[PDB]
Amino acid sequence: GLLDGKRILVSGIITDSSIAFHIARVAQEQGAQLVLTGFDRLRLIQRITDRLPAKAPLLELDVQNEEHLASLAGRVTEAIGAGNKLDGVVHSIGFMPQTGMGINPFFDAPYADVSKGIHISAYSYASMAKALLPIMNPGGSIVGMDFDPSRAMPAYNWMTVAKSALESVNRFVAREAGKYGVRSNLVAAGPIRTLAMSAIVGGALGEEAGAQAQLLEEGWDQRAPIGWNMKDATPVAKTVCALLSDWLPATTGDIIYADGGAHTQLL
């Protein structure tokens, strides 16, 4: 068990194709004992999570809610037992209003929409860290989910900006987490067929956006020297468990590419 006896908080499960769901599953297969957080649709999330290899408390967390944040650590400690701490935290959370994405002009997204997106997608990495570092063990790991924003691309639009912000935040979180002996890192994943991605591909953000997204997926597996299967989230779950383990002890404020190697290849 890569994660034997480690205690890990996992956020961002919404369906059974969530990257968070596969992160959780793999971790439990590797002996981790889990605590889960969900946003808003808790009966759905309970129902979905009942299918994991093992039982795990589910805690409500709206990342934009001050009270949820303020009460989070107490709730976790309650769930894992007093005198016990977390060895790992997983941030698999994101959101951007439609106006900030797809065939909707870049220039036409109101700041209030862009602000909400950055709030949930970037700022919350800092917020969760703030709430949870006090109840983490030395040797601990924090992991967030990333999509390489170092270049502009069609349709991703303002989410790219949110990911750029996130990478920056991750480096500062690394500075804070360090005072606790805790690592902080991001996993940069290739495209995966999830609820959030289904939106885009299915034309809910405009048909041309859906088309560019599809071309994206296809170019990816082409570039990837080992290929890329956008229906299989396991390779990125396995990568996230690696960061949660003891086997990358000298890495922090850093980005790990679980993308088939695509970003290293121009063509």
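The first residue of the shown sequence is 1; numbering continues from there.
The stretch with the higher mean CA B factor, choosing between 189-197 and 76-84, is 76-84. The deposited model assigns a higher average Cα B-factor to 95-103 than to the other stretch when 95-103 and 166-174 are compared.
Ranked against the other modelled residues of its chain, the C-alpha B-factor of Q30 as given in the entry falls in the middle third. Looking at the C-alpha B-factors along this chain, the one for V90 belongs to the lowest third. Placement of the Cα temperature factor of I135 within the chain: highest third of the modelled residues, per the deposited record. Sort the chain's modelled residues by C-alpha temperature factor and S184 lands in the lowest third, per the entry. Ranked within its chain, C241 lands in the lowest third, by CA B factor from the PDB record.
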